[PDB]
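First the structure, in the form of structure tokens, and then the observations on it.
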Amino acid sequence: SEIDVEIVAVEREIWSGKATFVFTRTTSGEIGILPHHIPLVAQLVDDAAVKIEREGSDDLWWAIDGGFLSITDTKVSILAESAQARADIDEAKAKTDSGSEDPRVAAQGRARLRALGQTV
């Protein structure tokens with residue numbers, strides 16, 4: 001079995017497919033999801049980072065901007081303001097974004113930084 005993960009944004013969809021293991025961060029801390037659990041609904045943090053693992057393929061590090069995780073019997077949809085790929089993120093832009101004083105900017109930069117390798 002696998003985990004159906006679909007990263008959708010209020011403006012457009014980013015990714016959609018199956019995974020072997022996925023981890024996300026919400027107001028209740030970080031949590032892991034497997035392809036054999038029960039439904040669930042949690043709200044991701046501002047600088048939340050989702051890690052979608054692929055069976056046989058390298059995981060996908062993406063940054064979510066205030067998104068929400070919704071797990072079902074055999075489906076997992078993630079709705080957020082927007083998403084960003086670790087390969088598209090820039091160590092410079094991430095640092096600056098996190099350096100900003102604004103809440104939105106600080107969130108994006110923090111989320112992108114995490115996907116890059118940063119923590120908290």
Report summary line: In order over the range 29-38: 3J(HN,Hα) from phi, Karplus 6.51/-1.76/1.60, θ = phi - 60°, whole Hz, x for each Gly or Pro, gives x, 8, 8, x, 10, 10, x, 4, 10, 9
**Report entry** Long-range amide H partners of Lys18 with built H, under 5 Å
**Finding:** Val5
Query - Shape box of the chain [Cα atoms, principal axes, largest first, Å] - result: 42, 28, 26
**Report entry** Summed side-chain charge close to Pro39 - residues other than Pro39 whose Cβ falls under 10 Å, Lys, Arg +1, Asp, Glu -1
**Finding:** 0
Requested in this report: Compute the Cα gyration tensor for the range 30-76, then decide on rounded, prolate or oblate, letting a ≥ b ≥ c be the square roots of its eigenvalues: rounded whenever a/c is under 1.5, prolate when a/b is larger than b/c in the other cases, and oblate in all that remain.
Outcome: oblate
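Throughout, read-outs are computed from the coordinates displayed, never taken from laboratory work. For neighbour counting, all protein chains shown are included, and Cβ atoms are generated from backbone atoms with ideal geometry for every residue, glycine included.
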